[PDB]
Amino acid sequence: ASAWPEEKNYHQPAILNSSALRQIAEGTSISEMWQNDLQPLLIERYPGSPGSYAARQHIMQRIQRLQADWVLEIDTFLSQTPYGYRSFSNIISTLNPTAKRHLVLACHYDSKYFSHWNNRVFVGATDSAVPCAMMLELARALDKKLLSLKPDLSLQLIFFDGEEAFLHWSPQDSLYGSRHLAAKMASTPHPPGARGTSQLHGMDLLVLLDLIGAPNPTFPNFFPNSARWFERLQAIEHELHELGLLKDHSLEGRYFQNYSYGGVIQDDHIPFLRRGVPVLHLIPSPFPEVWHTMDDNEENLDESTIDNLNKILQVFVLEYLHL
């Protein structure tokens, strides 16, 4: 053990001037994310399925064309389900694997298992194809600046498999891929040759995106040790609207209202939270109206709400890394 694992407790942003912001809002394109990153993911992709194989190649192919030095890992594993043993694969994308600290962004890339009702197919556009597509567009839009990284801190993406339950949500029939990965990281020394610190120690903060893409969302501030970065979010939303860099957005319908909760949700942050990781959980209260219906689909997304959030997220990340 040493002292660097407490650095995250004292870390401060580098906020951007109003000329800089302008640039960022101009650096991202909702319509190319729609075409190149999202539409290929709107397919039946439950664990084990052919579409699961397909979504996984798409993701790596998109990261591989970028210019920054990304390092991809495929973490494959076996577990028991209500239908038997099945195989699962998490996807992990890391700049600077050697660095001690990383900021982490994540979502889940599987879609719930369903029968073909009404000759229809479930594809989970908010749940969570869009958040996947948001993580990809961000890495494209900031690619040039991200090269800069050749504070011992950098960035990592995680796309989890097996979040949804197969049959009945339970402590054993849900969260396959994140219950797996959190335990593996708690048992891996980090950095190499370390005697007392694991890879979980290295996670500054986990920002988890889920159920995004519907008009008029409202996000709670969930956690006391993440409260100060939720506030940074509120402020970024505000200066942007004050310069009219957002569309179809009123200050009385803000996304980031400072209002609490208490009654937590089960999601891929629970394995890591139970082990002490600070979490910023970007999920709305309440859930889109189509949650887990065949109508959670492409024609029910609001182009504008998605577009506004890409801008807020991209700013936060740059601010956190001092880029």
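A residue's number is simply how far along the shown sequence it sits, counting from 1. Between two forms, the rigid core is defined as the largest C-alpha subset superposing within 1.5 Å.
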Per-stretch CA RMS vs shown form in 5 other deposited structures of this protein, rigid core as reference, larger of 269-277/256-264 is 256-264
State which stretch is farther from the displayed form on average in 5 other deposited structures of this protein, 97-105 or 168-176, counting RMS CA distance after fitting on the rigid core. 168-176
Residues without coordinates, deposited sequence, stretch from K150 to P151: is the count none, 1 to 3, 4 to 9, or 10 or more? 4 to 9
Comparing 256-264 with 48-56, which stretch shows the greater average C-alpha B-factor in the deposited entry? 256-264
Comparing 153-161 with 108-116, which stretch shows the greater average C-alpha B-factor in the deposited entry? 108-116
Name the one of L72, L146, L208, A129 with the greatest CA B-factor according to the PDB entry. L146
Report the option among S178, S198, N216, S89 whose CA atom has the maximum B-factor in the deposited record. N216
Mind checking which third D173 falls in for C-alpha B-factor across the chain? middle
Entry-reported C-alpha B-factor of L240 relative to its chain, by third, is highest
Which third, lowest, middle or highest, does the CA B-factor of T188 fall in along this chain? lowest
CA B-factor placement of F287, once the chain's modelled residues are sorted into thirds: highest
Quick one: classify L251 as lowest, middle or highest third of the chain based on its Cα B-factor. highest
